[PDB]
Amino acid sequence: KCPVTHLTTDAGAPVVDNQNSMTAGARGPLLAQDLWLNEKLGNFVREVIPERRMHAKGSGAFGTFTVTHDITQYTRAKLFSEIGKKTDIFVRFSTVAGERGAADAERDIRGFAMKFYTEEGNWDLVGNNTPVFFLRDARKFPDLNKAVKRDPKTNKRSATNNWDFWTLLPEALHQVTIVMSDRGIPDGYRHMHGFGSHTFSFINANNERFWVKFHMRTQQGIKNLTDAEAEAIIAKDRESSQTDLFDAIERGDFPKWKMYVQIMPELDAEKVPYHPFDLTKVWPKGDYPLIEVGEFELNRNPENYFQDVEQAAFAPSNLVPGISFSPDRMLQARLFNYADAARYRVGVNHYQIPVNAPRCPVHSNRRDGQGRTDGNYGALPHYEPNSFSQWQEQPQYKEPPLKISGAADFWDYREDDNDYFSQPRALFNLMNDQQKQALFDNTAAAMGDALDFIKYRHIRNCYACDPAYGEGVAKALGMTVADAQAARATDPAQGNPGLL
């Protein structure tokens, strides 16, 4: 609004008429020489890009992060180098299974994706509102996509597809318990925590490695919706979380999180009794307590949703000196899969998009590609080694070596670690009676019409985790643990390693 604008073509030619097309007489046929119509409609049918293969529905905001505590003994990362140091951030929150138009207030994981515009590169912490995940090997990620999304023929969610998959992965019971708890539907993005979920690494100025987990704790408090409350909100508003977050920032009610880390010296990874790189497992806070780092707030709604939120590309591979990866098998796949997904979805030149662009010096020698806008590194020599001091590597940032034991092979995770249930059993025993009844009710509702052998399989897995959990679930499904047990002999998945 405000300053009057006069319509032009892309090339800046004045548009004469924006109400009438050019015709051979007043009621005659349309002419090809109606240039503005050709341009207006040709561009119109190319506005849509592919949605994200996962986490398609989302809301974004800009904000800042402030260091409140010193952790420079563990990490040389420049954004953490001093108390008081402020870094600008972009955050996209999301659901997982919904397409672009889907309801915000579904029972699902939420995405918690953070981009930090640092002096030594953008650092993407691509997190979830849960410290764990259903899977611990990336082999299973495309299968999870199909299981939680639409059947190839009914084009609807399928409790049978979803729960057949989940119940054949006993390692999944931890995240299944979390998403079937009261926290499976947060009351908008401001009332949930975030997590890196994976084990990452810190590297200090001494070139020492630590293993690390990020926790982002909501200063607005954990707050949830029951199935019924969510359904009532969806009936009015499929965009309930966008409404909530946009409205909050618009009225100056900026949401805040505190950032903590669990820090584990490199050598401790071979001393702990739990697999320290297993995404289905946390590190107990009694072994590795939270160390406070800083605080971030979201304080600015983007001017244009498509340019800043839809085109936003996060990559776990977007790391900076002093923050690096781990051999978590899931993290390891994400280190390449996001950059690849973004080359397809927003283009090879997607770092030209302002929300993705670095706010520090950049010298990649990336050349050409569709839609090159930014100079294309001009006439500079485009190869290395060269005799012209172009594109010089920076060895001072080299990480210490990472010790390997064992041959290259497909190593059976089930031989390495098969503690599927101790962590979910702990979580069940933390719950009060209401939360337990919610867990049982939410579970039986989600299984809905899944085939009976699948309901029996979940009840068996849940009983193994804790007899009271198996009972509450079996009861809420109107079944018995005895029938669940009797069904194992004829379970059609017989012969299959995740079938216990």
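We number the residues from 1 along the sequence you see.
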426-434 set against 347-355, stretch whose average Cα temperature factor tops the other in the entry: 426-434
Higher-B stretch (mean Cα B-factor, as the entry records it), 462-470 or 49-57: 462-470
Of the options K86, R334, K146, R367, which has the highest CA B factor as deposited? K86
For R251, return the chain-relative third of its C-alpha B-factor as stated in the PDB record: lowest, middle or highest. highest
By the recorded C-alpha temperature factor, relative to the other modelled residues in its chain, which third is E120 in? highest
By the recorded C-alpha temperature factor, relative to the other modelled residues in its chain, which third is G286 in? highest
If you rank the chain by CA B-factor, which third does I109 end up in: lowest, middle or highest? lowest
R457's Cα B-factor: lowest, middle or highest third of the chain? middle
